[PDB]
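A quick write-up on the structure given underneath.
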Amino acid sequence: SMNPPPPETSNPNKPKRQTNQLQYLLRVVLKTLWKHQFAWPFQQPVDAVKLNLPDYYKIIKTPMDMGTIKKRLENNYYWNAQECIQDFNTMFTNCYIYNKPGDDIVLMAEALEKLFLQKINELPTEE
Ligand SMILES: COc1ccc(Br)cc1S(=O)(=O)Nc1cccc(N2CCCC2=O)c1
């Protein structure tokens, strides 16, 4: 009960589109970060029970993780690339809010974010 319902990965009344940029976000950006040695804490919603983080969802009220983003991309949840990019940024931002600079989890987020930005820098112009 300490864990909230996970963020939705489908929403039938939400509008969505498929674009070459969203395809790139799944095939390149998500794939790259997913396979990284530092991906594992971010591959699923924070489990405040398993990880003994009872304060986590008192502090982080807009949770996000790459497991959710992966399913959202696979399920064509997004209207555009910016919506997806926002989810990645929410995930990083949450980490920096909850944890202390220089913590192991923050070092991992920072490495992933660096890679993220490198991949985003090559995002193709739309169509
Ligand atoms: C002592 O616990 C750890 C130490 C270092 C690492 Br790396 C991971 C863990 S953990 O995954 O067992 N627990 C843990 C603790 C604090 C923050 C986060 N997370 C996960 C993603 C977002 C976020 O804030 C998880």
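Convention: chains lettered A, B, ... in structure tokens order; per-chain residue numbering from 1; ligands numbered from 1 as shown.
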All residues 8 Å or closer to residue A:94, only C-alpha atoms, same chain fewer than 2 positions away omitted, as a short mmCIF file (atom, residue, chain, number, x, y, z; two decimals) with N, CA and C atoms, in the first residue's frame:
data_model
loop_
_atom_site.label_atom_id
_atom_site.label_comp_id
_atom_site.auth_asym_id
_atom_site.auth_seq_id
_atom_site.Cartn_x
_atom_site.Cartn_y
_atom_site.Cartn_z
N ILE A 60 8.15 12.74 -3.75
CA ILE A 60 8.05 12.69 -5.19
C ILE A 60 6.59 12.43 -5.54
N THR A 62 5.23 13.27 -8.66
CA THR A 62 5.09 13.00 -10.08
C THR A 62 6.16 12.00 -10.49
N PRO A 63 5.98 10.73 -10.09
CA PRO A 63 6.99 9.72 -10.37
C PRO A 63 7.09 9.40 -11.85
N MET A 64 8.29 9.01 -12.27
CA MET A 64 8.51 8.56 -13.64
C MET A 64 9.76 7.70 -13.68
N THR A 90 11.42 14.45 -16.08
CA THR A 90 10.77 14.26 -14.80
C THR A 90 11.53 13.21 -13.99
N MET A 91 11.89 12.12 -14.65
CA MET A 91 12.64 11.03 -14.01
C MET A 91 13.96 11.54 -13.45
N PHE A 92 14.72 12.29 -14.25
CA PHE A 92 16.02 12.80 -13.77
C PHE A 92 15.79 13.79 -12.65
N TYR A 96 17.22 13.98 -8.58
CA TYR A 96 18.04 15.04 -8.02
C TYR A 96 17.34 15.73 -6.85
N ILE A 97 16.01 15.69 -6.83
CA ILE A 97 15.22 16.21 -5.72
C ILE A 97 15.33 15.32 -4.48
N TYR A 98 15.16 14.01 -4.67
CA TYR A 98 15.07 13.08 -3.54
C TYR A 98 16.43 12.77 -2.91
#
Ligand 1: which residues are within 6 Å, counting only C-alpha atoms and all ligand atoms? Reply as a ChimeraX atom specification. /A:41-42,46,51,95,104-105
Next item on the list: Taking the DSSP assignment computed from this structure's backbone, write out as an MDAnalysis selection string all residues of chain A that belong to alpha helix (DSSP H).
Entry: chainID A and resid 20:24 31:35 56:59 66:74 81:98 104:120
Would you save the residues from that selection as a short mmCIF file (atom, residue, chain, number, x, y, z; two decimals), in the first residue's frame, using C-alpha atoms?
data_model
loop_
_atom_site.label_atom_id
_atom_site.label_comp_id
_atom_site.auth_asym_id
_atom_site.auth_seq_id
_atom_site.Cartn_x
_atom_site.Cartn_y
_atom_site.Cartn_z
CA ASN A 20 9.95 9.61 -36.87
CA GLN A 21 11.14 11.44 -33.73
CA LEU A 22 9.11 9.24 -31.39
CA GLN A 23 10.41 6.22 -33.32
CA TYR A 24 13.95 7.51 -32.72
CA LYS A 31 17.29 1.41 -26.20
CA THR A 32 20.64 3.06 -25.47
CA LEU A 33 19.81 4.08 -21.89
CA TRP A 34 18.05 0.77 -21.17
CA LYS A 35 21.17 -1.28 -21.89
CA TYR A 56 9.71 8.54 -1.25
CA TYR A 57 6.11 9.15 -2.29
CA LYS A 58 5.73 11.83 0.38
CA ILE A 59 8.38 13.77 -1.57
CA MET A 66 12.15 4.22 -17.97
CA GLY A 67 9.97 1.13 -17.61
CA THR A 68 6.95 3.37 -17.90
CA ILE A 69 8.50 5.37 -20.75
CA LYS A 70 9.39 2.16 -22.60
CA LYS A 71 5.81 0.90 -22.38
CA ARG A 72 4.47 4.33 -23.36
CA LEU A 73 6.67 4.33 -26.48
CA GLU A 74 5.78 0.72 -27.31
CA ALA A 81 8.50 13.87 -28.95
CA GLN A 82 8.36 16.66 -26.38
CA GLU A 83 5.87 14.73 -24.24
CA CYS A 84 8.32 11.84 -24.09
CA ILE A 85 11.32 14.05 -23.45
CA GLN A 86 9.37 15.57 -20.57
CA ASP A 87 8.97 12.12 -19.00
CA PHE A 88 12.73 11.54 -19.11
CA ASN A 89 13.31 14.95 -17.56
CA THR A 90 10.77 14.26 -14.80
CA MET A 91 12.64 11.03 -14.01
CA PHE A 92 16.02 12.80 -13.77
CA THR A 93 14.60 15.75 -11.89
CA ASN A 94 12.94 13.47 -9.32
CA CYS A 95 16.23 11.76 -8.66
CA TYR A 96 18.04 15.04 -8.02
CA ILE A 97 15.22 16.21 -5.72
CA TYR A 98 15.07 13.08 -3.54
CA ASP A 104 25.62 6.77 -6.11
CA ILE A 105 22.06 6.99 -7.48
CA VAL A 106 22.69 10.58 -8.57
CA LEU A 107 25.97 9.64 -10.26
CA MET A 108 24.02 7.02 -12.18
CA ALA A 109 21.29 9.48 -13.19
CA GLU A 110 23.93 12.00 -14.27
CA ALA A 111 25.66 9.44 -16.52
CA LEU A 112 22.36 8.39 -18.09
CA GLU A 113 21.35 12.02 -18.54
CA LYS A 114 24.60 12.80 -20.30
CA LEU A 115 23.96 9.95 -22.72
CA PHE A 116 20.35 11.06 -23.06
CA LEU A 117 21.37 14.56 -24.09
CA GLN A 118 23.93 13.17 -26.56
CA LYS A 119 21.20 11.09 -28.19
CA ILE A 120 18.71 13.96 -28.17
#
